[PDB]
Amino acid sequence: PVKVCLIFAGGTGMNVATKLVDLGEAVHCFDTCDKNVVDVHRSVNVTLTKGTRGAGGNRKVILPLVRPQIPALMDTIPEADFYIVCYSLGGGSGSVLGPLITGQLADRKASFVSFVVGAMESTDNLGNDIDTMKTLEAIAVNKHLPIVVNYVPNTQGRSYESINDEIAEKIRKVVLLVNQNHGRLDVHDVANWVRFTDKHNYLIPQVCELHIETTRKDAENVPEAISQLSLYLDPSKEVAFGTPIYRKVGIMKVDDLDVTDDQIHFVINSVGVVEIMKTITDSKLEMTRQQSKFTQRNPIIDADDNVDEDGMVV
């Protein structure tokens, strides 16, 4: 089984994919149309679904069209010791394909994390965010498995180019983490970090946040940490901080040119998902208020107007 499989879905998904082209065969893209297919995508895997050809937008409309086709997509995905799934919560295709695929990985009893974007353009985007987050929490519950995600809100003002750019970087860091070439760091360890419910049975499988941090201080400030996993380049600087239920260390190799940071900390928690939802729901609400506070003029035809079948008023 390959070391890591990288799944992207939808527009955002493939846009983030173009920056990870150098990983070639490890990258698998999926969309409902080719709207976002560029040239650097031939260096990687690409699959589009039938019947759909890129419309919504609408997840309710896309789901039943793509559901039957999932078995087939799964076949285009080899066994892996870890997976990364990436897509937007805001659109219609990524926010369907992604969770559908996520559900299959969970039946592979696989070890995986997800990178998702909070789209913030419209009450469509916002509404979709909520539904997809809700979807992910239902899968967690039904499959009894934490659904671990790095959440990136499209902060007002900031360019998608920029937002995509940091997601790419965070993905590399996870690719490093699971590149199996560390000291003390087992493949079984990594599974136990991200699938903490398998051994910690008193804990509740739910949607969790993944925090990636390059300082000990930054990691400690992650609230109500559940499951930590640290990489050190200088083993001496190793410190056990915070209060996670699960903690595991590995050591990095200096001759590894992947290593671009003195120390990386991968911290899963869940308490912060509440606020994410509060923000998103409050945004939708404030927009929705102005939407239904808008008023239009009365018509400029009335019942004295002779109107034919084509709408002609002569």
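Start at 1 with the first residue shown and count on from there.
In this entry, 241-249 shows the higher mean Cα temperature factor of the pair 241-249 and 268-276. Comparing 178-186 with 203-211, the higher mean C-alpha B-factor in the PDB entry belongs to 178-186. The top Cα temperature factor in the record, among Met287, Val46, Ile70, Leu63, falls on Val46.
Considering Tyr151, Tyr232, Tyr83, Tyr87 together, the PDB entry gives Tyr232 the largest C-alpha B factor. Annotation for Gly24: C-alpha temperature factor in the highest third relative to the rest of the modelled chain, per the entry. Annotation for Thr281: CA B-factor lies in the lowest third of the chain's modelled residues. When the modelled residues of the chain are ordered by C-alpha B-factor, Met74 sits in the middle third. Ranked against the other modelled residues of its chain, the C-alpha B-factor of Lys134 as given in the entry falls in the lowest third. Compared with the other modelled residues of the chain, the Cα B-factor recorded for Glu224 ranks in the lowest third.
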